[PDB]
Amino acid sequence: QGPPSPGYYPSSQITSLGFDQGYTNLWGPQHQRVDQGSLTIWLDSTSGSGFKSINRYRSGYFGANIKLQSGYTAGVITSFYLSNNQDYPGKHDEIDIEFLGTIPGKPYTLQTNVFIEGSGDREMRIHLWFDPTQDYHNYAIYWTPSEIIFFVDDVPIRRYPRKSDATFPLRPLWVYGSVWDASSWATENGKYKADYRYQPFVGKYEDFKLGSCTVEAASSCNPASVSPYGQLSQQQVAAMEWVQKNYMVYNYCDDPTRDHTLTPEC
């Protein structure tokens, strides 16, 4: 019976783009292929690969349909995220979706995170109500000057509203993705690490969505809307609460080992 329907589908209301309309390779070009707008990138023992948006943004809906690799994927991260780390090295902002690979038999973990001026430790993790290796699913980051919302097939899984300037991303961000070896922490905090006998490790992305406002855009520009009612509807919130009740496996604000004073938005 799945999650309760969100009752509105932002992803379907925004034009699907091919990779080359929004993005170019950043690194590992030899581990990147594009076929009719669809992106394939992969990790082996010599290199991963990653890409970067052509434009730099001040707000928007940023979406892609992604398919993950099954089998042994421990230590491997497939990412889709906003960042300004190349603009503010060592003290940057970030809004992350990271798929954390796994040993055979166990599910992927989807981690969301927010970094402001170097300060992260704002992770929430869920498992999914479908197999993310079998088919492509929609995943999206919505970012405006009042909120961040993270979506899976238009189901909101997390909302991060602007509570104070110190705890919210207020500088321009680029979109990135990558497949890379994060063995030290990706899978059960590094309990299980990359094994290249199972290489390559492939990430697949298509139907890119950019309902967004570049830094250069006219001040009339509005990001794509995520509800016909201005705010999350009753159905959207119920779908989100169902996800958090039934699929959330980690929330920073509820971890007794974390000092929530350091993350005052909790």
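In this text, residue numbers run from 1 along the sequence as written.
K.L.:
Please compare 108 to 116 with 160 to 168 and name the stretch with the higher mean C-alpha B-factor in the deposited structure.
P.N.:
Per the PDB entry, the higher value belongs to 160 to 168.
K.L.:
Between 209 to 217 and 48 to 56, which has the higher average C-alpha B-factor in the PDB entry?
P.N.:
The entry gives the higher C-alpha B-factor average to 209 to 217.
K.L.:
Lowest, middle or highest third of the chain for the C-alpha temperature factor of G28?
P.N.:
According to the entry, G28 has a C-alpha B-factor in the chain's middle third.
K.L.:
Just say lowest, middle or highest third for the CA B-factor of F201 relative to the other modelled residues in its chain.
P.N.:
Tercile = middle for this residue's CA B-factor.
K.L.:
Report the third (lowest, middle or highest) to which the CA temperature factor of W42 belongs, ranking only the modelled residues of the same chain.
P.N.:
CA B-factor rank for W42: middle third.
K.L.:
Relative to the other modelled residues of the same chain, rank the CA B-factor of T73 and answer lowest, middle or highest third.
P.N.:
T73: CA B-factor falls in the lowest third of its chain.
K.L.:
Ranking the modelled residues of this chain by C-alpha B-factor as given in the entry, is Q231 in the lowest, middle or highest third?
P.N.:
For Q231, whose C-alpha B-factor we compare with every modelled residue in the chain, the answer is the highest third.
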